[PDB]
Structure formats: structure tokens, C-alpha cells
Amino acid sequence: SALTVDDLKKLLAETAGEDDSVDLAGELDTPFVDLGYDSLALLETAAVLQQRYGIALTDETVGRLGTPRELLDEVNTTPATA
């Protein structure tokens, strides 16, 4: 468990800007579109996300997905061994 919804959440806010009631712990299954966050915001943190490691979680995949857990799982999924 390198990255969690905790370290990601903070990254979501910092990027998005939800410092009022961005309690992800109490809203994961719910899709961003449902909450408030917009694809854009995602695209934002998306780069910043890959800016650290080197992923491509852009609209491409961000399109099929629309949840936070899927944003963390994705990064906490893509292996690097093969």
C-alpha cells in the first residue's frame, strides 16, 4: 500500500479545491460526477499523479472510470515487473 485514498485525497483537494467537506473516506463508490469533482480536475491531478511516478491516467482511462478508489487502485495496480 504505497499510495492510498488518503495521500490521493489530499492530492485531489490540493488540485481540485475541496477544503470544506472532501471526506472521501465517506464517499468512494460514489463517482466524482456524482459528488462534484469534474473530469477536468481529474485531468489536473492526473498529470501531477504521473508527474511523480509516470502513469497515463488521463481522460483516456479517466473516461471509463469516474471514482476515486479507481484512481488510487489504478496507480496501486499498474505493476512494473512482468
# chains A, B, ... in the order shown; residues from 1 in each chain; ligands from 1

$ select_by_dssp --residues "chain A" --states "helix (DSSP H, G or I)" --output "PyMOL selection string"
chain A and resi 5-15+24-26+32-35+39-50+59-64+69-75

$ residues_around --residues "stretch 20-33 of chain A" --least-positions-apart "3" --cutoff "7 Å" --atoms "only C-alpha atoms" --output "VMD selection string"
chain A and resid 9 36 to 38 66 to 69

$ closest_residue --among "A:34, A:78, A:73, A:41" --to "residue A:54" --atoms "only C-alpha atoms"
A:78

$ closest_residue --among "A:16, A:55, A:43, A:48" --to "residue A:79" --atoms "only C-alpha atoms"
A:55

$ atom_distance --atom1 "atom CA of residue A:6" --atom2 "atom CA of residue A:64"
22.6 Å

$ residues_around --residues "residue A:45" --least-positions-apart "2" --cutoff "12 Å" --atoms "only C-alpha atoms" --output "number ranges by chain"
A: 8-17, 37-43, 47-52, 55-59, 62, 68, 71-72

$ write_last_selection --atoms "N, CA and C atoms" --output "compact mmCIF listing (two decimals), in the first residue's frame"
# COMPACT_ATOMS: atom_id res chain seq x y z
N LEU A 8 -3.93 10.39 -1.77
CA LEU A 8 -4.53 10.74 -3.05
C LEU A 8 -5.59 11.82 -2.83
N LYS A 9 -6.40 11.61 -1.81
CA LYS A 9 -7.45 12.56 -1.48
C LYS A 9 -6.85 13.96 -1.36
N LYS A 10 -5.85 14.07 -0.50
CA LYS A 10 -5.18 15.34 -0.28
C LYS A 10 -4.73 15.91 -1.62
N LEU A 11 -4.33 15.02 -2.51
CA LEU A 11 -3.88 15.42 -3.83
C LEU A 11 -5.09 15.86 -4.67
N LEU A 12 -6.22 15.25 -4.38
CA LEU A 12 -7.45 15.57 -5.09
C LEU A 12 -7.88 16.99 -4.74
N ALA A 13 -7.88 17.28 -3.45
CA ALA A 13 -8.27 18.60 -2.97
C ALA A 13 -7.27 19.64 -3.50
N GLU A 14 -6.04 19.51 -3.04
CA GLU A 14 -4.99 20.42 -3.45
C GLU A 14 -5.17 20.82 -4.92
N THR A 15 -5.47 19.81 -5.74
CA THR A 15 -5.67 20.04 -7.16
C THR A 15 -7.07 20.61 -7.41
N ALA A 16 -8.07 19.81 -7.05
CA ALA A 16 -9.45 20.22 -7.24
C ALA A 16 -9.70 21.52 -6.47
N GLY A 17 -9.79 21.38 -5.15
CA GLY A 17 -10.03 22.53 -4.30
C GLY A 17 -11.31 22.35 -3.48
N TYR A 37 -16.52 16.93 -8.11
CA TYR A 37 -15.32 16.91 -8.93
C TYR A 37 -15.67 16.71 -10.41
N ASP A 38 -14.95 17.42 -11.26
CA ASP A 38 -15.17 17.33 -12.69
C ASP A 38 -13.97 16.63 -13.34
N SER A 39 -14.23 16.03 -14.49
CA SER A 39 -13.19 15.32 -15.22
C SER A 39 -11.93 16.18 -15.30
N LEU A 40 -12.15 17.47 -15.54
CA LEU A 40 -11.04 18.41 -15.64
C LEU A 40 -10.12 18.23 -14.44
N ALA A 41 -10.68 18.51 -13.26
CA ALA A 41 -9.92 18.39 -12.03
C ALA A 41 -9.07 17.12 -12.08
N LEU A 42 -9.71 16.03 -12.50
CA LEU A 42 -9.02 14.75 -12.59
C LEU A 42 -7.81 14.90 -13.52
N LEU A 43 -8.09 15.37 -14.73
CA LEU A 43 -7.04 15.56 -15.72
C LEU A 43 -5.88 16.33 -15.08
N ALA A 47 -2.05 14.48 -14.29
CA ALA A 47 -0.69 14.81 -14.68
C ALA A 47 0.21 14.80 -13.44
N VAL A 48 -0.22 15.55 -12.44
CA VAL A 48 0.53 15.64 -11.20
C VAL A 48 0.78 14.23 -10.65
N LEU A 49 -0.16 13.35 -10.94
CA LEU A 49 -0.05 11.97 -10.48
C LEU A 49 1.11 11.29 -11.21
N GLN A 50 1.05 11.35 -12.53
CA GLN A 50 2.09 10.75 -13.36
C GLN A 50 3.39 11.56 -13.26
N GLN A 51 3.24 12.79 -12.78
CA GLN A 51 4.39 13.67 -12.64
C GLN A 51 5.34 13.13 -11.56
N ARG A 52 4.79 12.29 -10.70
CA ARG A 52 5.57 11.70 -9.63
C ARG A 52 6.20 10.38 -10.09
N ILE A 55 2.56 7.62 -14.91
CA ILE A 55 1.38 6.91 -15.38
C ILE A 55 0.67 7.76 -16.43
N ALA A 56 -0.33 7.15 -17.05
CA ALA A 56 -1.10 7.84 -18.08
C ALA A 56 -2.59 7.73 -17.75
N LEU A 57 -2.94 8.23 -16.58
CA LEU A 57 -4.33 8.20 -16.13
C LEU A 57 -5.03 9.48 -16.59
N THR A 58 -5.15 9.61 -17.90
CA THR A 58 -5.80 10.78 -18.48
C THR A 58 -7.24 10.44 -18.87
N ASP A 59 -7.89 11.41 -19.49
CA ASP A 59 -9.27 11.24 -19.92
C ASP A 59 -9.45 9.83 -20.49
N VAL A 62 -9.58 7.75 -17.50
CA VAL A 62 -10.40 8.55 -16.61
C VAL A 62 -11.82 8.65 -17.18
N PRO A 68 -12.87 7.66 -7.18
CA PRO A 68 -11.59 7.95 -6.57
C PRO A 68 -10.79 6.67 -6.32
N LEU A 71 -8.97 5.61 -8.91
CA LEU A 71 -7.85 6.49 -9.22
C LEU A 71 -6.62 6.04 -8.44
N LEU A 72 -6.87 5.52 -7.25
CA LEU A 72 -5.80 5.04 -6.39
C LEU A 72 -5.44 3.61 -6.78

$ atom_distance --atom1 "atom CA of residue A:35" --atom2 "atom CA of residue A:53"
27.0 Å
